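Look below for two forms of one protein chain, each set out as structure tokens: first structure 1, then structure 2.
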Structure 1
């Protein structure tokens, strides 16, 4: 009279819709696992590993969608043996969606850079997407998720990041039902660091763009912003990509070139600060207007010299704030206007 080994698996025989966001395990009690195999609906075996003590076996590669797996396990012991065969089917997505995360892995970014997770499909279950995203911060700081549209979600703290903060983003979305049968195509995993505090302020009262590094003025640039008919909106702008030169085409923003407010001109040293088309760029033609009157379509015109300096000394995530213009406020969902949404609204989020 002795104990008979028992077998415990993380799946049920006959189970359907098994999610592939976790390994499949099989455990032996009152005995050890003598043989554990697992094959798919073809013949190919599934990779796995057994613990040295012989009690725990797990798969070591990710399991695929739309697969029927067959699991055979045998357990031995002083008091007998036990064998079990289990077959189960994994999730069968209706559609797949792949996430993309910014900033890039290893980047050093300014204090205003939000964590960004953009999917290539609409997300029916935003809560499920948020649950699947794990964000670590050192030093730890509370942030919250907020959706700019149906496909991109952002995560940021109440105030600007503290320089030196380490941020780690893991979007563990493979095998996760993101709503209406849409499952994540894969996981993504990026890490970045917050750099120096760089805040540039363009004051319409003075028509000056002052760059502050760690709270001290390092550059004062005369500027000409949008005229009354096409003014530059007030608010907080997040610096984005930087270009040695770029063709500013209004058609990419929905405004034809031939229309009154349209344009197509090649400019130098252009730093993007809004998705709606606001740049800090070289503007030789308005050097005389810079510091006095507004003549552009919204962009912050500066001298070629100050434009190259801005390009060289400003990095993705730095902040450009505009105040006292005749325009409104930059939309919070512009894509670089995250900080214009009041914190209570951002904190509460819009997972619905």
Structure 2
């Protein structure tokens, strides 16, 4: 004649209960006859009893700064049992919203990292990383690395293989991300890796050679940064692409009428670094393309070739610059992720 026993995922009088998980009640030596949970305003939280009557769980996300009262009743062959539990959830000092790139359903190149950018500084980087679940198919190992206080990146050791599915579940709602900062919401994104496209700009030849799945499909002469403002070597990730884009140097503090000033509407511009390196149309430098470097760091190419590049590259394709007189693109540029050695990237910078 055992009385039914009830087990809850919460404790009476608990405080700071995180809302990153549903609340459940389980019955033994009997079944749940009724389970209810209401907040301080009397409003119930949606839940569902399992078909066998042994498990009840909330199906609606709980809220912050709330007081919940949980009531459960179990009936068994041996009698009846009831419990009442009250608890209070986390009271964030501030919330932060995550933003994920690339976009959901996108087809990206083999260089595209997963990016999760928050709208606030993240004090507990480890908590953030733990709340982000990455699925890859075919599965490959990857690791997180922070570009700054708000944006973390995830990538494998080598370029993605085409045909790879990437699933990104940012499960930050209810997660304490440090110093009272909690996740404002969850985000779900999924994308796929398309064709391997790798363009190599070699300063020795001043040719930009585009290889699609290992085959050279296009060669175009280029003029890169002049010796005083050279184009950094390294691996660049293709970012945004513009049919045309207005650029004004005074926007960033450089007068237009200075030696390094400019104010023009640029055609067929493909971004390959946050620092400002673009592939774009440079009709004025057609003669120097393939012979001498004349730009401020951009890879200048012909109008038809710049349009060709715009048409044939996608977000996440790779541009690799070699043999310039400049240094190496910073790994934390924003599109320079691949320039960090794997051992450093894997080790991370969570602490």
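Rigid core: the largest C-alpha set superposing within 1.5 Å between the two forms. Only residues modelled in both forms are compared. Positions refer to the first chain, counted from 1.
- Shifts of 2 Å or more in the Cα, rigid core superposed between the two structures, apply to only one of 164, 254, 215, 106; name it. Looking at each option in turn, only one qualifies, and it is 254.
- Once you line up the core, how about residue 263: does its CA shift reach 2 Å between the two structures? Yes, the C-alpha position differs by at least 2 Å between the two structures.
- Task: Once the rigid core is superposed, tell me how far the Cα of residue 205 moves between the two structures, in Å to one decimal.
- Result: Rounded to one decimal, the shift is 0.8 Å.
- What is the magnitude, in angstrom, of the C-alpha shift at residue 84 between the two structures when the rigid core serves as the superposition reference? So the C-alpha of residue 84 has moved 1.3 Å between the two structures.
- Task: Enumerate, in order of sequence, every stretch of at least three consecutive residues present in both forms where each C-alpha is displaced by 2 angstroms or more between the two structures, superposition done on the rigid core.
- Result: Run moving 2 Å or more: only 248-264.
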